[PDB]
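Chains as they are written, first to last, in the authors' numbering: chain A, 3 to 534, 548 to 629; chain B, 3 to 534, 549 to 629.
For every residue, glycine included, the Cβ atom is placed at its ideal position computed from N, Cα and C.
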Amino acid sequence: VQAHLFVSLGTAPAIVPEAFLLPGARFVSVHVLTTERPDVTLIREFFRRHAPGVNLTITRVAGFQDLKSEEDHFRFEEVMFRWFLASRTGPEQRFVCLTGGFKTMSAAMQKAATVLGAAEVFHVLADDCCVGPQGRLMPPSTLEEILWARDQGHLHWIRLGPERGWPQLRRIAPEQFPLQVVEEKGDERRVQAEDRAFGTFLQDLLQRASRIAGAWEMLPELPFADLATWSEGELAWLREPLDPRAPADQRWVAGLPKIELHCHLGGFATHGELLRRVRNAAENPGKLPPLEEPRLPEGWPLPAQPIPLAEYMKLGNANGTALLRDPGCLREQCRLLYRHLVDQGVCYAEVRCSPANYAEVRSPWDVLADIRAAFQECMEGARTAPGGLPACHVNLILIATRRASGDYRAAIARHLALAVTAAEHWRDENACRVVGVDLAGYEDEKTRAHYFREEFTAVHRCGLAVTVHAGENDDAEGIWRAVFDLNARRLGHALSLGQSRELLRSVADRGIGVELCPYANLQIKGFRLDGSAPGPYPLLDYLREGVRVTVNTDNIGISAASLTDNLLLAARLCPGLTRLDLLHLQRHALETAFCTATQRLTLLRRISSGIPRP
Amino acid sequence: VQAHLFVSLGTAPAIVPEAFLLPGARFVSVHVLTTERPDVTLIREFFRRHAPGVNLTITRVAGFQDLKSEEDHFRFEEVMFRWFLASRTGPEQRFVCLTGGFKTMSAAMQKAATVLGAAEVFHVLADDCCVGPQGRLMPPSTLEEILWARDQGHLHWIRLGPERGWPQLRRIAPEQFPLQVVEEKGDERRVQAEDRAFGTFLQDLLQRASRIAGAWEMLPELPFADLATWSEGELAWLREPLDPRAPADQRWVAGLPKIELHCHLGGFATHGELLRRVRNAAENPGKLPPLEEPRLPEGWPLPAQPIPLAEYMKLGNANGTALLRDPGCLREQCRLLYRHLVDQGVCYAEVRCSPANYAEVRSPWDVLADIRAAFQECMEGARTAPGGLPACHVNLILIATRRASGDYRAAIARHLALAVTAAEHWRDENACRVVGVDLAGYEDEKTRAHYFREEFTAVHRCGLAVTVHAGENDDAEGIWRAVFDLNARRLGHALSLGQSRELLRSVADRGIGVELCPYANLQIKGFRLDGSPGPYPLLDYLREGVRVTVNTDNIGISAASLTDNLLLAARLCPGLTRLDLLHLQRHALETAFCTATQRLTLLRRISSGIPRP
């Protein structure tokens with residue numbers, strides 16, 4: 003109910019104290035400007051009296067004596083707009099006055115109230131109030147006739163209708179439209195304006211709504227609907243090549259809301275302090291394995307030579323099946339992963355795990371229950387304020403197991419049966435829930451999974467999604483079979499699709515998604531970096560054809576990189592990538608998720624109103 | 003370009019003479035509203051002081067001497083408001099100026115300018131203008147110091163800009179909002195009012211718009227990005243129920259760009275003049291069957307009782323197989339269909355046809371070639387100016403045949419072979435081309451054919467989409483089998499999906515489109531109209561996230577177009593808003609069978625064509 007007051011002052015200073023008087027409407031603050039000519043001494047005396055606690059921010063122009071030239075008009079409008087900007091208050095809290103002014107045209111304030119939302123407009127009136135010595139309604143000597151008129155009420159205040167403001171400018175910040183203070187003498191200040199950028203922005207917003215000449219190419223092909231309210235200069239910044247080494251471009255990617263779809267729980271904390279923290283919350287300290295940390299190759303984030311997959315897997319042999327057989331370690335790892343995900347700014351994640359691996363005495367169901375309980379407790383604990391919803395939704399995807407010595411059919415059957423029952427058990431739509439399964443594996447699984455299509459027909463009826471990790475070999479026939487027989491909806495990696503036009507066109511048309519991990523691909527398969548045997552990274556081509564490409568993290572601990580670093584490295588690998596392409600990537604990732612329609616709408620609202628302005 | 007102008011009021015007369023001075027702006031009319039006091043003698047001086055000629059209706063209130071009371075503001079607001087109403091001039095012809103008067107009526111009149119709408123707001127300001135005694139900047143004697151100032155350029159008119167006004171209040175008449183003329187003293191005029199109903203209307207409209215516009219979720223979730231630059235009133239209008247009988251919404255629906263996905267070539271011109279036009283272009287007039295138009299049921303567009311499907315089919319027995327076995331008739335039908343589609347405003351269509359039906363002596367390939375050649379000739383003919391592209395794009399879908407007399411498996415094989423060969427033959431991406439097949443009649447029904455899955459693995463590799471028609475019964479098993487074995491991407495009709503949550507959820511998630519035809523569905527299955549067979553399952557599908565479309569099916573048999581189908585869909589499901597139409601268009605665009613470049617071009621064309629109210 004903080005009613006910050008915005009009153010203009012003319013050559014008559016009675017309007018300030020009088021419009022201060024209002025039915026109720028206790029004012030936390032009062033903001034006024036004038037020109038250099040009028041004095042402030044009697045306003046000083048007035049404010050020293052019964053209202054000393056409130057502040058009186060009286061700002062002044064750099065130079066002004068009258069408003070008769072047009073230049074005076076644009077300058078006054080600009081300075082007044084930057085006033086209202088610098089006030090830093092909610093639209094429902096701003097109040098507008100009689101706007102008398104020293105013939106300040108009295109209309110700029112109404113224009114501001116119309117374009118920028120406010121709460122109310124009132125009009126002071128003088129009726130037999132403060133009858134002066136001359137007989138006319140002169141303002142009091144200092145304040146005595148104010149009290150006199152308040153005693154016998156005829157003056158009053160004529161109140162107009164409230165305004166809401168234009169939808170586009172209703173949300174805005176003073177940082178992109180600042181002002182320079184010439185000098186501040188106590189509560190009084192003198193400021194000045196630089197350029198009519200705000201007027202240019204308003205004129206652009208008016209003009210693009212009429213013609214379609216220049217906006218016709220730009221607006222219709224924009225990823226999010228909230229990007230149509232940006233200025234012409236900002237939209238030009240968005241259509242320029244992204245520099246991954248600029249100290250300013252790095253802080254923009256760090257504030258974007260992000261969606262994550264390829265993460266592994268068993269490869270998070272494998273080195274450094276986090277390993278110590280995980281190895282501290284163990285329930286049974288007596289059976290923890292000896293602390294050995296594998297040695298990373300030279301310049302590990304950017305190795306000079308590709309390493310094979312087996313060495314990559316063994317690089318994380320300090321936190322996995324060895325450590326996650328103790329419940330405390332499992333819970334602590336879940337909590338740390340959630341905290342890191344929240345810090346990165348992710349708003350929706352899908353963690354992949356295989357409960358069978360971390361089970362030697364307990365059953366897989368107990369491991370799944372513990373994981374779900376930990377994640378749900380964290381989600382309920384966080385509960386930030388997008389409307390009461392948790393800060394980061396987390397779902398679950400069940401990948402197959404590793405110890406494939408027992409009967410393969412038995413392992414597959416157990417893996418799918420655990421998923422179906424878990425899907426049936428947790429049916430609430432605001433909590434962790436198993437959403438899909440993974441069919442990673444070929445050769446033996448190629449001979450088993452693809453042939454036994456009838457095995458994977460129950461899952462389809464139970465409401466679960468299927469993702470296939472097309473890793474090594476990456477032949478075309480496997481992709482054809484995965485797309486058309488297994489009815490998968492997302493593909494893993496699959497970096498070679500441009501060697502068969504029919505497959506690329508089919509994948510583009512049907513809508514299947516593709517998941518790419520820059521750091522892992524560079525460190526495992528090898529790729530050229532910067533401007534200068549594998550070919551170019553197939554990200555720009557996929558984005559141009561119309562495929563739904565995403566960028567993910569894969570293994571956070573083994574690769575030692577986060578989502579932001581992955582995006583910047585993706586910018587490095589393909590020269591020419593623009594920021595609009597990053598927003599396209601986010602939109603595609605949102606589209607290809609496994610959530611429900613209500614969650615999709617909520618995520619769209621959250622993302623579209625979070626993009627930081629340049 | 004007639005300029006009906008509103009000047010101002012003023013205690014000092016000078017406001018009117020200095021406001022009539024505008025650079026390069028001729029006004030055919032001048033209207034003034036003011037109080038009892040002002041010296042009407044000086045406006046009488048101005049009456050012929052200017053010279054050339056303009057109306058000078060001076061309106062007066064029944065009683066007023068000062069703006070000092072709270073009710074005074076409301077009284078003058080209503081009076082001047084109804085003065086605007088009774089003006090009877092176009093929104094783009096009004097001219098508005100608040101140079102003079104007191105403060106409150108200036109604020110009220112600028113508020114009228116923004117809310118009601120205007121074309122330009124200007125301020126007259128004097129700089130060293132008309133110097134008088136003691137060096138006082140003060141109005142001229144009669145007009146001569148104005149002449150001196152014009153000789154010296156001492157006048158500065160400050161122009162602000164145009165206005166838009168709220169959509170509902172843009173069009174209004176004074177008959178329902180009259181006034182009370184006290185006395186029109188020739189050019190002078192006196193008025194009074196009766197109530198403040200129009201101000202109550204404005205308050206109710208604004209408060210209802212505010213209440214409807216809650217959290218600003220509207221901006222993040224608009225269908226098309228171009229709508230994000232609209233004014234608040236237009237969005238509020240878009241968030242209201244659609245009235246299908248008003249003479250204003252119908253033109254808006256007519257103006258909308260549209261996409262058609264369910265049309266039949268063999269049921270276009272089956273009655274009236276079009277039948278005669280088609281029959282007059284036959285190559286061999288001696289072999290034409292005698293003209294016999296079937297008789298339509300009672301009130302055919304909206305029958306009072308459903309009819310069986312067989313009678314619906316027999317209705318179109320004048321332009322079926324009988325007439326189309328002649329090249330001239332085929333060409334004329336194709337050309338007429340293209341012209342009608344262009345007139346309706348369609349920008350992308352997919353016409354279904356069965357070439358085998360119209361082949362007796364000629365082979366099916368000749369029929370297909372003739373159809374493609376006719377459509378391509380028309381397409382290259384139109385090419386108006388989208389970006390240099392044709393005004394309408396037409397692709398083809400091959401449905402199965404009707405004559406299940408011979409070996410049906412042979413018919414299916416020939417159908418698919420023709421489809422594949424035609425798909426490979428024409429490969430340019432800016433011309434008519436076979437884009438998909440329709441495994442209609444459930445292939446040949448599960449009675450004799452079920453689903454030869456291993457047969458339909460070649461069309462997928464050759465790049466053809468599959469559409470499955472849901473006809474009678476519509477058991478969930480059939481839809482399950484179609485979706486997860488035939489890899490279909492669109493479903494026909496399928497009005498019963500709400501009876502199984504799992505099917506609805508799966509269909510919504512995967513992204514399979516649904517095609518609905520309101521007129522045909524009403525005439526064949528029976529439905530309740532104007533809220534009086550269950551309710552029409554269109555609003556439920558939209559609220560559940562399914563991708564729904566509205567089509568025409570048969571144009572000649574049903575005797576309706578896309579616009580009429582949209583309006584009837586509005587009638588069937590009460591509460592449908594004007595945003596749902598754009599949602600349907602977006603879904604139709606997303607479910608089409610075109611290519612990525614065509615999809616981007618279609619998005620650009622649709623998003624830049626939506627008409628503002």
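Problem - From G408/B, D197/B, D129/B, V184/B, residue whose alpha carbon lies closest to that of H158/B - result: Here residue 158/B corresponds to residue number 156 of the second sequence, with the count starting at 1. Selection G408/B, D197/B, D129/B, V184/B evaluated against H158/B yields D129/B as nearest (Cα-Cα).
Practice task
Taking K260/A as the query, report the chain B residues whose CB atoms sit under 9 Å from its CB, ordered along the chain.
Solution key: Taking the first sequence and counting its residues from 1, the one referred to as residue 260/A is at position 258. Under the 9 Å cutoff, chain B gives no residues; its nearest Cβ is about 17 Å from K260/A.
Problem - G438/A - DSSP class collapsed to helix/strand/coil - result: By one-based count along the first sequence, residue 438/A stands at place 436. When secondary structure is reduced to three states using DSSP, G438/A falls in the strand class.
Practice task
Say yes only if the C-beta of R512/A is nearer than 7 Å to one or more non-hydrogen atoms of the ligand PLP, and no if none qualify.
Solution key: Of ligands this structure carries none, so the ligand PLP is not represented either.
Exercise for the section: Pair every Cβ in the region 261-275 of chain B with every Cβ in the region 342-349 of chain B, then say whether three or more of these pairs are closer than 8 Å. Expected result: Yes, the region 261-275 of chain B is in contact with the region 342-349 of chain B.
Problem - Minimum Cβ-Cβ distance from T116/B to chain A less than 8 Å - result: For the purposes of this step, residue 116/B is taken as the residue at position 114 of the second sequence. At least one chain A Cβ lies under 8 Å of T116/B.
Practice task
Indicate whether at least one CB of chain B lies closer than 8 Å to the CB of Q346/A.
Solution key: Indexing the first sequence from 1 puts residue 346/A at position 344. Contact with chain B is absent for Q346/A, since none of that chain's Cβ atoms lies less than 8 Å from the residue's Cβ.
Problem - Within-8 Å CB hit, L619/B to chain A - result: Here residue 619/B is taken as the residue at index 603 of the second sequence, counted from 1. Closer than 8 Å to some Cβ of chain A, the Cβ of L619/B qualifies, so yes.
Exercise for the section: Spell out the partners DSSP gives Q182/B in its beta bridges. Expected result: Taking the first residue of the second sequence as 1, we reach residue 182/B at position 180. In the DSSP assignment, the residues bridged to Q182/B are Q194/B.
Problem - Buried versus exposed, by CB contacts within 10 Å (16 or more), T607/A - result: Along the first sequence, one-based indexing puts residue 607/A at 592. By the Cβ-count criterion, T607/A is buried, with 16 or more other Cβ atoms from all chains shown falling within 10 Å of its own Cβ.
Handout entry: Contacts around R512/B, its chain only, beta-carbon distance under 8 Å, and the 5 residues preceding and following it disregarded
Key = Here residue 512/B corresponds to residue number 510 of the second sequence, with the count starting at 1. Once the five neighbours on either side are set aside, the close Cβ partners of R512/B are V485.
Handout entry: Test item: CB-CB of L24/B and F124/B under 8 Å
Key = As a working note, residue 24/B is residue 22 in the second sequence. As a working note, residue 124/B is residue 122 in the second sequence. In contact: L24/B and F124/B (Cβ atoms closer than 8 Å).
Practice task
Would you mind stating whether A467/A and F609/A have Cβ atoms separated by less than 8 Å?
Solution key: Here the question's residue 467/A lines up with position 465 in the first sequence. Here the question's residue 609/A lines up with position 594 in the first sequence. Cβ atoms of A467/A and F609/A: closer than 8 Å.
Practice task
Under 8 Å Cβ to Cβ from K316/B, same chain only, skipping five residues before and after it: list those, please.
Solution key: Working through the second sequence from its first residue, we reach residue 316/B at position 314. The residues are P296.
Practice task
Would you give the residue range spanned by the beta strand (DSSP E) that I261/B belongs to?
Solution key: Mapped onto the second sequence, residue 261/B falls at position 259. First-last for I261/B: undefined, no H or E at that position.
Handout entry: Neighbour flag for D596/B against chain A, beta carbons, 8 Å
Key = Position 580 of the second sequence holds residue 596/B. Judged by the 8 Å Cβ criterion, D596/B is not in contact with chain A.
Practice task
Would you check if the region 94-105 of chain B and the region 15-34 of chain B touch, i.e. whether three or more CB-CB distances between them fall below 8 Å?
Solution key: The region 15-34 of chain B, when compared against the region 94-105 of chain B, does touch it at the 8 Å Cβ threshold.
Exercise for the section: May I ask you to report which of helix, strand or coil DSSP gives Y557/A? Expected result: Locating residue 557/A in the first sequence gives position 542, counting from the first residue. If DSSP states are grouped into helix, strand and coil, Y557/A belongs with the helices.
Problem - C-beta atoms of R455/B and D487/B nearer than 8 Å - result: Residue mapping note: residue 455/B aligns to position 453 of the second sequence, counting from 1. Residue mapping note: residue 487/B aligns to position 485 of the second sequence, counting from 1. It is a contact, given that the beta carbons lie within the stated cut-off.
Problem - Integer Cβ distance of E517/B from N567/B, believed to fall under 8 Å - result: If you number the second sequence from 1, residue 517/B lands on position 515. If you number the second sequence from 1, residue 567/B lands on position 551. Contact holds; Cβ gap of about 5 Å.
Exercise for the section: For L277/B, collect the residues of the same chain with a Cβ closer than 8 Å to its Cβ; drop the 5 residues on either side in sequence, then sort them by chain order. Expected result: For this step, residue 277/B is matched to residue 275 along the second sequence. Contacts found: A271, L293, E295, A320, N321.
Exercise for the section: Identify the contact partners of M107/A in chain B, using a Cβ-Cβ distance below 9 Å as the criterion. Expected result: As a first step, residue 107/A must be located in the first sequence, where it is residue number 105. Residues of chain B with a Cβ closer than 9 Å to the Cβ of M107/A are, in chain order, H125, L127, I160.
Problem - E177/B burial status per 10 Å Cβ neighbour count (16 or more: buried) - result: By 1-based counting over the second sequence, the position of residue 177/B is 175. The residue in question, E177/B, is exposed, as its Cβ has fewer than 16 Cβ neighbours within 10 Å.
Handout entry: Cβ-Cβ distance between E79/B and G235/B below 8 Å
Key = Position 77 of the second sequence, counted from the first residue, corresponds to residue 79/B. Position 233 of the second sequence, counted from the first residue, corresponds to residue 235/B. Not closer than 8 Å, so no.
Problem - Residues of its chain near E147/A, where Cβ-Cβ distance is below 6 Å and the 5 sequence neighbours each way are ignored - result: Position 145 of the first sequence holds residue 147/A. Result list for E147/A: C132, in chain order.
Practice task
Return yes when the Cβ of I45/A is within less than 8 Å of the Cβ of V126/A, no when it is not.
Solution key: Here residue 126/A refers to the residue found at position 124 when the first sequence is read from its first residue. Here residue 45/A refers to the residue found at position 43 when the first sequence is read from its first residue. With a cutoff of 8 Å on beta-carbon distance, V126/A and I45/A are scored as not near each other.
Exercise for the section: Would you kindly check if the distance between the Cβ of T13/B and the Cβ of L69/B is under 8 Å? Expected result: Residue 69/B sits at position 67 when you count from the first residue of the second sequence. Residue 13/B sits at position 11 when you count from the first residue of the second sequence. Against a cut-off of 8 Å, the Cβ pair of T13/B and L69/B comes out as no contact.
Exercise for the section: From the DSSP output, read off the bridge partner residues of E38/B. Expected result: One-based indexing of the second sequence puts residue 38/B at position 36. BP columns for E38/B are empty, so no partner.
Exercise for the section: Give the secondary structure of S574/B by DSSP, where H, G and I count as helix, E and B as strand, and everything else as coil. Expected result: Numbered from its first residue, the second sequence carries residue 574/B at position 558. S574/B falls in the helix class under three-state DSSP.
Problem - Contact set between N489/B and chain A, taken where Cβ atoms lie within less than 7 Å - result: On the second sequence, residue 489/B is found 487 positions in, with the first residue counted as 1. Within 7 Å Cβ-Cβ: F486.
Practice task
Below 7 Å CB to CB, which residues in the same chain sit around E362/B once its five sequence neighbours on both sides are set aside?
Solution key: Within the second sequence, residue 362/B is the residue found at index 360, counting from 1. Excluding sequence positions up to five before and after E362/B, its CB lies within less than 7 Å of the CB of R327, all in the same chain and listed in chain order.
Practice task
Grab me the residues of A121/A's own chain with a C-beta within less than 7 Å of its C-beta, minus the 5 sequence neighbours each way, in chain order.
Solution key: Locating residue 121/A in the first sequence gives position 119, where the first residue counts as 1. Here the set comprises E94, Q95, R96, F97, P164.
Handout entry: Beta bridge counterpart(s) of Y521/A as assigned by DSSP
Key = In the first sequence, residue 521/A corresponds to position 519, counting from 1. In the DSSP output, where bridge partners are listed per residue, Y521/A has none listed.
Exercise for the section: Determine, using beta carbons only, whether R354/B and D440/B come nearer to each other than 8 Å. Expected result: The sequence position of residue 354/B within the second sequence is 352, counting from 1. The sequence position of residue 440/B within the second sequence is 438, counting from 1. Against a cut-off of 8 Å, the Cβ pair of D440/B and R354/B comes out as a contact.
Exercise for the section: Compare the C-beta of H599/A with all C-beta atoms of chain B and state if any pair is closer than 8 Å. Expected result: Start at 1 with the first residue of the first sequence, and residue 599/A comes out as number 584. So, not an interface residue.
Exercise for the section: Output yes if chain A places a C-beta closer than 8 Å to the C-beta of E47/B; else output no. Expected result: The residue you call residue 47/B lines up with position 45 of the second sequence. Chain A, which has no Cβ nearer than 8 Å to the Cβ of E47/B, makes this no.
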